[PDB]
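Please read the structure below before turning to the comments.
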Amino acid sequence: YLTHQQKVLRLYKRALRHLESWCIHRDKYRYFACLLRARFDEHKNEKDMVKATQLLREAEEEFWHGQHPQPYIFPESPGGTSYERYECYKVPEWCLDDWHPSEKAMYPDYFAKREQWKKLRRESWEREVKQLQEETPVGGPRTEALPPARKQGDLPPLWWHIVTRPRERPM
Amino acid sequence: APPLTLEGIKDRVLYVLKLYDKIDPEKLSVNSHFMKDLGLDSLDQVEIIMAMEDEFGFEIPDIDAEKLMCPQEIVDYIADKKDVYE
Amino acid sequence: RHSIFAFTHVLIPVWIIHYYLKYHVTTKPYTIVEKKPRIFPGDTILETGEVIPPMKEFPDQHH
Amino acid sequence: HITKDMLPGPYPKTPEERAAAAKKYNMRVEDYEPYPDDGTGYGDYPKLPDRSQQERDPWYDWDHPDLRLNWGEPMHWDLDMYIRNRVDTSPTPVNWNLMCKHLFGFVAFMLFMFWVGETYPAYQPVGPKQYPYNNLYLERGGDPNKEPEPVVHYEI
Amino acid sequence: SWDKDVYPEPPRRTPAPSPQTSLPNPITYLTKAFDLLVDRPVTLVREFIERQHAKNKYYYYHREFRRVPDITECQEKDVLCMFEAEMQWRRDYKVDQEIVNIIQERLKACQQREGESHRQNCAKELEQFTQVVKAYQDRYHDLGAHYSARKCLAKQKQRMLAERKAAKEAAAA
Amino acid sequence: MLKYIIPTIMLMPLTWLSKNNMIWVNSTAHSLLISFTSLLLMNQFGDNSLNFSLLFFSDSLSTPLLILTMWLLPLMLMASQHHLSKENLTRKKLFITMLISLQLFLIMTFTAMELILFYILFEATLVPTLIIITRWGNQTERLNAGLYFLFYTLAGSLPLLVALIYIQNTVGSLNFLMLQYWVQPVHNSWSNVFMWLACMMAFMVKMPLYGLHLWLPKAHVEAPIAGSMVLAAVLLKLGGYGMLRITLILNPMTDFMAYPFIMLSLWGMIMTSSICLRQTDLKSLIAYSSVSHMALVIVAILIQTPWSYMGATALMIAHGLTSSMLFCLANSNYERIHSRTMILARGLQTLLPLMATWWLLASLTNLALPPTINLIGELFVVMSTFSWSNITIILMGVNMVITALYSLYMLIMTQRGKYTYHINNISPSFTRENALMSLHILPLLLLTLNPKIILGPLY
Amino acid sequence: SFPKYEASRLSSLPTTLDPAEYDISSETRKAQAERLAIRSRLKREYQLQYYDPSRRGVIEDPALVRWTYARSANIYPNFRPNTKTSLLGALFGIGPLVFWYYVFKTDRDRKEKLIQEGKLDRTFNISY
Amino acid sequence: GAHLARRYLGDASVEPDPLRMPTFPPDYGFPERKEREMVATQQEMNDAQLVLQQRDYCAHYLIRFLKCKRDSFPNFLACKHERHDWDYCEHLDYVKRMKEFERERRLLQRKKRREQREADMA
Amino acid sequence: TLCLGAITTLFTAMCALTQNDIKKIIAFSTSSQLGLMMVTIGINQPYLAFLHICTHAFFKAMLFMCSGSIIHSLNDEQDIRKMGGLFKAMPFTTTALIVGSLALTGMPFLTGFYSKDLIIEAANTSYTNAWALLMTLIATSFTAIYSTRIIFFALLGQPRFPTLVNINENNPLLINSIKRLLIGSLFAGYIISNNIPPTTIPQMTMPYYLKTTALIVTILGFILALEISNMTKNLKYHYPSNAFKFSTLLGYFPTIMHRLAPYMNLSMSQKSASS
Ligand SMILES: CCCCCCCCCCCCCCCCCC(=O)OC[C@H](COP(=O)(O)OCCN)OC(=O)CCCCCCCCCCCCCCCCC
Ligand SMILES: CCCCCCCCCCCCCCCCCC(=O)OC[C@H](COP(=O)(O)OCCN)OC(=O)CCCCCCCCCCCCCCCCC
Ligand SMILES: C[C@H](CCC(=O)O)[C@H]1CC[C@H]2[C@@H]3[C@H](O)C[C@@H]4C[C@H](O)CC[C@]4(C)[C@H]3C[C@H](O)[C@]12C
Ligand SMILES: *C(=O)CCCCCCCCCCCCC
């Protein structure tokens with residue numbers, strides 16, 4: 001669910017981005033960006049929420065009519081030219097467990113460090129599970145938010161795959 | 001594509017905000033809440049995030065962008081996406 | 001470095017190819033077939049010594 | 001592990017079967033709707049919206065990011081057709097019917113004009129190209145024994 | 001090597017060089033480099049090999065097949081006579097395939113040799129190719145994958161009957 | 001053929017008398033030695049077939065099928081020994097025995113001189129095949145798969161038995177050499193229509209013919225890996241080999257009796273190729289791919305031209321190596337993730353680089369990249385079918401487009417994209433797995449150098 | 001007063017253009033909360049396995065098993081012969097076969113008729 | 001250009017048909033017309049291996065150009081005068097084809113002018 | 001083949017007029033040039049079609065390498081709307097890009113002139129489909145427009161890329177690879193044109209207007225393109241038309257066919273063939 005305020009702010013960002021795609025030139029875009037902001041400021045204070053909803057629906061219809069058919073997309077954003085370009089290089093860390101001993105002997109320092117991380121994960125796991133059991137209602141979790149660590153020497157529950165995820169430029 | 005550093009990210013984030021006419025450069029620090037301290041509204045914050053996307057060349061999704069309320073949170077968000085640790 | 005490349009990748013391959021063509025391919029019929037050379041008026045045939053006659057006098061156009 | 005009670009079954013006839021089916025598929029009983037009970041064999045499988053996986057939020061933390069699926073959610077019957085490599089159903093900036101009319105109109109117009117241009121070709125104001133020796137009768141592979149009809153060209 | 005009558009080629013006519021330019025001809029100097037660096041060492045190695053072969057000279061023979069009675073002379077269901085006739089017919093069939101291949105190879109060598117004048121200068125090769133393909137088609141076309149001498153004979157007699165019928169009604173006219 | 005039959009029989013005492021821990025080493029080594037000696041069958045003559053005795057012979061049709069058969073036995077032992085590792089010793093030895101007995105029946109099947117000897121061995125292959133599917137298959141569905149396999153085959157083969165005995169009573173012999181000289185044309189009567197169907201339906205079911213193929217997606221999918229390898233590589237080719245032989249005595253009736261089966265095959269290949277695009281089970285997709293390829297062999301055999309017969313022989317050999325390789329590739333993923341679902345494990349190229357090369361090579365041969373023998377066979381059939389009727393090029397062309405689509409869809413879905421996050425047991429490829437794949441593809445590509453030895457008697 | 005959006009099977013209505021998205025009663029809010037609860041419960045069940053340090057294998061997904069089962073084994077038990085299935089099966093099953101039979105039978109009969117009359121060009125046709 | 005408008009958007013009876021011209025006899029109005037001279041013999045063009053479409057009434061200039069090009073190698077900027085003679089010979093051949101078209105058009109006009117005059121008599 | 005090539009050259013040139021991805025513009029340029037080669041086939045000029053293949057290889061390859069140089073310097077940005085102001089920042093890529101564009105548009109005596117201009121002359125003087133001839137000429141003008149589009153937005157104006165400037169085209173591998181193709185884009189057409197043997201009879205007699213058609217429409221194309229591009233810098237709003245959307249979305253062919261055909265085929269596979 002998106003609140004009304006979230007819907008308006010998403011529209012404002014979308015409208016500006018498509019406006020920038022039309023205008024291209026920076027000085028021209030600055031001019032029309034300020035006219036568009038003025039339109040949003042014109043109804044900033046509209047206490048009637050039935051009328052503020054009607055204004056929102058018409059703005060979205062106006063946007064769909066005016067959207068650029070081929071808007072600018074940041075290269076690495078979904079739909080961009082570089083989106084997912086480096087996924088083929090992302091290898092999960094568990095693959096290192098299958099390395100041959102002669103391959104591990106080339107990085108004695110890296111693998112000694114890695115064993116400490118795996119030991120840390122092993123020793124934290126029981127407390128992470130217990131913390132989730134005790135902080136979760138009887139019906140079960142109602143949102144996807146996870147809690148922090150409440151104690152000293154505890155780790156935030158379910159941290160391993162966030163912390164150890166591949167780098168964005170893994171190779 | 002030279003590498004980013006934590007100080008470098010912070011320097012450029014604060015640099016952009018000091019070019020925004022609605023912010024007083026003499027009252028701007030890394031922990032200045034955009035709304036509570038600098039007295040900006042939520043339309044201003046959308047424009048601030050858009051500038052950061054332009055500054056660093058990548059998109060911040062609206063669901064994440066709405067929570068970035070101070071310069072330090074912007075720095076941390078960028079650092080996390082770019083795997084910057086120093 | 002370039003000379004070691006020329007020797008291993010040009011000279012030796014062309015030796016093998018030339019030996020292959022001269023003593024295996026061209027010893028069989030119709031393996032290598034050349035378009036016969038063009039002959040122009042006034043030419044001389046190397047094989048025979050025949051001399052090809054010239055073309056007749058041109059009705060000299062203005063140019 | 002999977003038991004028979006966790007597997008798809010026949011079309012649910014009673015509201016008690018519909019609730020049991022919805023729970024099995026991890027759906028709200030109000031959101032659960034089977035395919036019509038024709039003879040085509042869907043049983044009680046949920047009829048989900050016919051939307052491409054391309055239509056799902058790319059910024060959400062999917063369990064299967066490439067498929068944009070979460071573990072345990074009911075898969076569309078035609079999921080393998082709606083993967084991001086195949087059929088896309090995203091909204092288009094131009095209406096579907098208007099796109100079809102403009103594409104068809106452009107192609108039909110071009111085909112018509114090509115047919116016109118073939119009926120009324122462009123050419124230069126020159127008579128036919130002339131060739132010696134009976135229009136090159138022998139060069140074109142003419143029978144050396146048969147005598148061709150003379151083709152005589154004149155100055156002008 | 002090969003017989004020049006089976007795989008003929010006309011005499012070669014090469015125009016002599018007749019330059020009208022002071023510039024050196026790069027091909028002439030590349031040709032001499034090729035002879036010295038490539039053709040010469042390759043020729044020496046070949047001569048060494050041909051000396052070894054001359055020390056050990058042995059022979060192989062082209063197998064000759066005696067002619068045996070053909071299918072027309074075989075009595076029905078007589079497998080021993082049919083077998084020898086059928087094997088002979090298959091050997092002849094494979095030979096006829098190679099004859100067509102020889103005639104096709106002549107035709108293709110002519111088209112390439114004559115360049116832009118091939119349409120006129122290859123008329124003889126085209127005529128011979130046409131005649132052999134007609135004869136081959138008459139013998140073997142449409143017999144099917146299970147072809148045999150018997151089916152070939154049946155096809156010939158059907159054709160001979162048609163040619164005999166087309167004559168009595170072409171001599172009646 | 002006794003120089004191959006007796007050594008094959010000796011594989012059984014070798015297996016039973018071996019040390020407990022050497023059953024796989026011993027049987028694999030000596031089955032490879034038998035496969036090596038089979039190259040002596042390549043003494044073929046231009047006119048006459050190689051006729052050993054009253055019982056057995058080998059011509060250019062059966063020789064390549066024999067070499068493929070004997071080659072497959074060591075590959076199947078390699079493919080099986082991992083998933084049978086926890087089986088107790090006696091049951092392992094019985095599993096190997098079934099494989100050996102199947103090889104014995106097959107090599108005698110392909111060289112039988114007399115069609116009734118061919119029949120007995122042709123049915124004999126059912127028994128070990130059924131036992132392998134039902135005893136050592138993994139799922140509950142193996143029992144149902146065995147019944148479909150058994151009764152589809154027998155429903156067709158029992159009418160064939162009546163027909164063959166009828167022919168022997170009328171001709172006096174079923175010896176294949178004799179039938180070449182004593183064959184008489186088939187008059188067009190109702191009684192001969194059912195003789196034609198009796199002589200052909202058993203082979204059609206084994207191909208399988210589209211419509212009569214439902215047993216194959218069950219049997220090929222439920223069998224253990226060795227079962228699938230032999231089922232697809234060799235046993236489907238008994239139908240093609242039988243049809244190529246028996247059509248000798250069915251002319252000219254085949255001219256018009258072929259039409260319904262040509263339509264089923266030409267349209268069926270497009271149907272089964274389309275099915276592959278929406279299959280969710282990787283093994284099931286590979287099984288439906290076989291039906292599409294064998295539809296070309298049926299069509300090629302029925303139009304009865306020298307080019308279609310060369311193409312059919314090449315396709316049967318080419319498909320045998322390719323389909324077996326694909327099953328082995330699919331099995332190697334199954335032994336890791338224990339599921340046959342194709343969408344389950346993705347992006348495997350990232351985790352198993354070399355194995356992804358085998359997938360690519362297997363896929364390219366499946367879609368008939370030139371100059372592979374897969375393409376040579378398919379091309380020769382397309383050429384002959386164009387002469388049968390120019391319009392067939394449309395159906396052949398559409399099938400080649402669809403075949404490329406599902407071949408690369410299988411490659412892209414499993415090997416590319418992002419790996420599945422929670423699957424963390426994809427260990428590196430074993431030397432055994434890599435050798436198993438290369439013993440398929442290496443002979444397949446080598447044959448491109450000397451294709452004539454797999455073009456059959458019409459070459 | 002802009003022209004209205006006309007959706008199709010292959011081009012969906014944009015979410016921002018959907019009238020339902022803008023009238024959100026409490027019952028709709030409650031439904032969304034119930035959906036999030038189911039997703040959250042499933043996410044937790046997956047994560048407790050996915051994050052378990054000792055687990056090595058595949059996390060079996062019942063939804064994936066149900067999907068493959070529904071697309072194969074469950075179809076015939078829920079099939080009923082009726083007007084819809086009988087007609088479609090006849091039209092898609094037999095239809096193409098009868099059509100292609102008459103295309104090839106017609107083409108081959110015409111071609112055969114020409115060959116018997118010597119009216120088909122087969123001058124160089126010796127491969128078949 | 002202009003001639004296409006007249007045929008397509010005007011009277012097509014007094015415009016040549018490019019696929020059927022000439023339609024009048026070669027001597028109609030041309031007393032004692034000379035035949036075109038051909039310099040190169042059939043054997044010379046065969047020996048030179050000219051492309052058949054090049055074996056026209058300008059072939060002798062082409063042969064002279066081809067011989068020069070071969071003999072001037074590697075100087076590919078030579079034979080520029082030989083090339084021009086062939087280009088100019090082809091230009092004159094093209095003008096002769098333009099005159100044939102213009103002659104055909106004027107006879108079609110003349111033919112009509114006679115019909116109307118020979119019809120206004122009736 | 002004449003009509004097939006004519007529709008291709010026109011349709012893909014029109015798509016190129018509105019594309020913003022630099023590689024898409026060059027790709028649609030290739031399709032349009034291939035269409036022109038197919039037209040040359042259709043007017044019975046196979047040796048001119050071959051020559052265009054040879055000349056096109058030089059400057060088209062160079063253009064992609066120049067775009068690759070720009071893409072690399074702007075951290076994988078391929079949208080020309082985020083380029084600008086590169087004329088002096090990347091002098092060598094600028095030089096190659098201008099030479100490449102002038103070669104593509106048929107500037108006299110560059111590599112593209114020695115094939116494209118003979119092709120247009122041969123088409124204009126041929127017994128040919130009238131509509132195909134017009135489509136070809138218009139496509140020739142559109143070639144100037146989208147060539148101007150790349151130069152105007154990539155090189156001229158003010159920078160529109162991000163603030164951290166990492167523009168660097170000083171790698172010798174980059175310089176020498178482009179440099180060799182630049183030399184080919186100037187002289188290869190002249191050298192190949194003067195060394196190949198004549199296999200047809202070139203048409204050299206035509207009215208003045210049919211002799212300069214290729215050059216005139218190219219100049220008109222540059223003029224019109226330069227008026228459209230300067231218009232983009234006027235503080236005036238945008239009103240997108242049907243033609244702009246048709247061009248931008250590639251005539252809707254991908255949007256319809258790549259959804260409708262897969263949907264129909266994949267639905268049948270499961271519903272009918274499988275189930
Ligand atoms: C000539 C061309 C040939 C090519 C065309 C061939 C067409 C295909 C023929 C298919 C044959 C029938 C199908 C065989 C598949 C296996 C059958 C099966 O598995 O059905 C299961 C069914 C369920 O019952 P059940 O399995 O017993 O329950 C569990 C306890 N075991 O089991 C049962 O209910 C009992 C099944 C009994 C049938 C067994 C098979 C016998 C087939 C021959 C039929 C005999 C007809 C004789 C009738 C003459 C008088 C009319
Ligand atoms: C889905 C189940 C899978 C199992 C499939 C089982 C297939 C069994 C097929 C058995 C049919 C055998 C044919 C029996 C009919 C009698 C044949 C006969 O003797 O008729 C002769 C006549 C020949 O015609 P003609 O070529 O003109 O004569 C020579 C002069 N040129 O007859 C003719 O005109 C020749 C044409 C005969 C073929 C007719 C084809 C019908 C249309 C195609 C149907 C495809 C198969 C349909 C299967 C659906 C099953 C549900
Ligand atoms: C000629 C080239 C030098 C390029 C350069 O320095 O700019 C060098 C670079 C690397 C060389 C090659 C590689 O070293 C691999 C080869 C190994 C052998 O020692 C010589 C042949 C061999 C095939 C090489 C000879 C060649 O001279 C190469 C290609
Ligand atoms: C007579 O044969 C004329 C042949 C063709 C005339 C072409 C003249 C160019 C006019 C239209 C070009 C428009 C391009 C924008």
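Below, read A as the first sequence line, B as the second, and so on, with proteins coming before strands; counting in each chain starts at 1. The figures that follow rest on heavy atoms only: side chains count, while hydrogens, waters and symmetry mates do not.
A:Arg14 places no side-chain N or O within 3.5 Å of a backbone atom of A:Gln67 that could act as its donor or acceptor partner. Panel note: side chain I:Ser247, backbone I:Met14; a donor-acceptor pair is recorded below 3.5 Å. G:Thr28 contributes no side-chain N or O that, together with a main-chain N or O of G:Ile24, makes up a donor-acceptor pair within less than 3.5 Å. Between the side chain of I:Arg160 and the backbone N or O of I:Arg81, at least one donor-acceptor pair lies under 3.5 Å. I:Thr9 contributes no side-chain N or O that, together with a main-chain N or O of I:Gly35, makes up a donor-acceptor pair within less than 3.5 Å. Using modelled atom types, no side-chain atom of D:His64 and backbone atom of D:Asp66 make a donor-acceptor pair closer than 3.5 Å. For A:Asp27 (side chain) and I:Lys233 (main-chain N/O), no donor-acceptor pair under 3.5 Å exists by modelled atom type. The backbone N or O of A:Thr3 lies less than 3.5 Å from a partner atom in the side chain of A:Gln6, making a donor-acceptor pair. Side chain of B:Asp41 to main chain of B:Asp44: a donor-acceptor pair is present (N/O by atom type, distance under 3.5 Å, no hydrogens or angles).
We find the CD1-CG distance between I:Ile80 and I:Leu86 to be 11.5 Å, quoted to the nearest 0.5 Å. Annotation: the span from D:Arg68 atom CZ to D:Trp59 atom CH2 amounts to 10.0 Å, rounded to 0.5 Å. Interatomic distance, CD of I:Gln19 versus CG of I:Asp79, reported as 10.5 Å (0.5 Å rounding). How far CD of A:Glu20 is from NE2 of A:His68: 11.5 Å, rounded to the nearest 0.5 Å. With rounding to the nearest 0.5 angstrom, the CG atom of B:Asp64 is 10.5 Å from the CD atom of B:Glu59. If you take OG1 on I:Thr105 and CZ on I:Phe142, they are separated by 15.5 Å, rounding to the nearest 0.5 Å.
If you check the side chains of G:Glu21 and G:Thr16, you find no donor sitting under 3.5 Å from an acceptor. Counting only N and O atoms by type, the side chains of I:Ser69 and I:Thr93 include a donor and acceptor under 3.5 Å apart. Under the 3.5 Å distance criterion, with hydrogens and angles disregarded, a donor-acceptor pair is assigned to the side chains of D:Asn70 and D:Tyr60. Neither side chain, I:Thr12 nor I:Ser31, offers a donor N or O lying under 3.5 Å from an acceptor on the other. Side-chain polar atoms of D:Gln54 and D:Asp88 form no donor-acceptor pair below 3.5 angstrom. Under 3.5 Å, the side chains of I:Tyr146 and I:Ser29 contain a donor-acceptor pair of N or O atoms. Between the side chains of G:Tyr22 and A:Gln54, no donor-acceptor pair is found at a separation under 3.5 Å. There is no side-chain donor-acceptor pair under 3.5 Å between B:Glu66 and B:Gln45.
Counting heavy atoms from C-beta outward, B:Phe34 and B:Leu68 have side chains that stay 4.5 Å or more apart. For the pair D:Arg51 and D:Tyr82, the minimum side-chain heavy-atom distance is 4.5 Å or more. Counting heavy atoms from C-beta outward, A:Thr81 and I:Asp76 have side chains that stay 4.5 Å or more apart. A heavy-atom distance below 4.5 Å is not found between the side chains of A:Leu11 and A:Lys7. The shortest distance between side-chain heavy atoms of A:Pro69 and D:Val94 does not fall below 4.5 Å. In this structure the side chain of A:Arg17 reaches within 4.5 angstrom of the side chain of A:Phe74, judged on heavy atoms. Side-chain atoms of I:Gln33 and I:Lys60, non-hydrogen and from C-beta on, do get closer than 4.5 Å to each other. With a 4.5 Å cut-off on side-chain heavy atoms, A:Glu61 and G:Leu17 count as touching.
Ring geometry for A:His65 against G:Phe2 counts as tilted: the plane angle lies between 30° and 60°, on a 0 to 90° scale. Between B:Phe58 and B:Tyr77, the two ring planes are parallel [angle under 30°; tilted spans 30° to 60°]. D:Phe106 and I:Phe11 have tilted rings, their planes meeting at an angle from 30° to 60° on a 0 to 90° scale. Taking the six-membered ring where the residue is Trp, I:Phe244 and A:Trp22 present tilted rings, their angle falling between 30° and 60°. Relative ring orientation between D:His102 and I:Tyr252 is described as tilted, the plane-to-plane angle lying within the 30° to 60° band.
Listed here is the closest heavy atom pair of D:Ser90 and I:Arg259: O-NH1, 2.8 Å. Across every non-hydrogen atom of D:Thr89 and D:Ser52, the tightest pair is OG1-N, 2.9 Å. Across all their heavy atoms, A:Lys28 and I:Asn234 have their closest contact at NZ-O, 3.3 Å.
Using a 4.0 Å cut-off between charged nitrogen and carboxylate oxygen, A:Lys13 and B:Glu53 count as a salt-bridge pair. Comment: A:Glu144 engages G:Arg39 in a salt bridge, judged by a side-chain N to carboxylate O separation of less than 4.0 angstrom. Taking a cutoff of 4.0 Å between a charged side-chain nitrogen and a carboxylate oxygen, B:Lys22 and B:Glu47 do not qualify as a salt bridge. Under a 4.0 Å N-O distance rule, the pair A:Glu76/B:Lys82 does not qualify as a salt bridge. Looking at D:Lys101 and G:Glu6, no side-chain N of the basic residue comes within less than 4.0 Å of a carboxylate O on the acidic one, giving no salt bridge.
The environment of CG in D:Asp61 is sparse: at most 12 heavy-atom neighbours from other residues, nucleotides or ligands sit within 6.0 Å. Residue-environment remark: NZ (I:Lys24) stays at or below the threshold of 12 foreign heavy atoms within 6.0 Å. Around the CZ atom of A:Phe63, the shell of radius 6.0 Å holds more than 12 heavy atoms that belong to other residues, nucleotides or ligands. A 6.0 Å sphere centred on CZ of A:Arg85 holds more than 12 heavy atoms belonging to other residues, nucleotides or ligands. For I:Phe87, the CZ atom counts as loosely surrounded, since its 6.0 Å shell holds 12 or fewer non-hydrogen atoms of other residues, nucleotides or ligands. Around NZ of G:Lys30, the count of heavy atoms belonging to other residues, nucleotides or ligands within 6.0 Å does not exceed 12.
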Between A:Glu87 and A:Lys90, is the salt bridge (charged side-chain N to carboxylate O under 4.0 Å, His left out) condition met? List the steps. CA-CA 5 Å; A:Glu87 303 301 314; A:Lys90 287 179 179 64; 3.3 Å; yes

Is there a salt bridge (charged side-chain N to carboxylate O under 4.0 Å, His left out) between I:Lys82 and I:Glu77? Walk through the geometry before answering. CA-CA 7 Å; I:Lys82 249 66 177 182; I:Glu77 183 63 70; over 6 Å; no

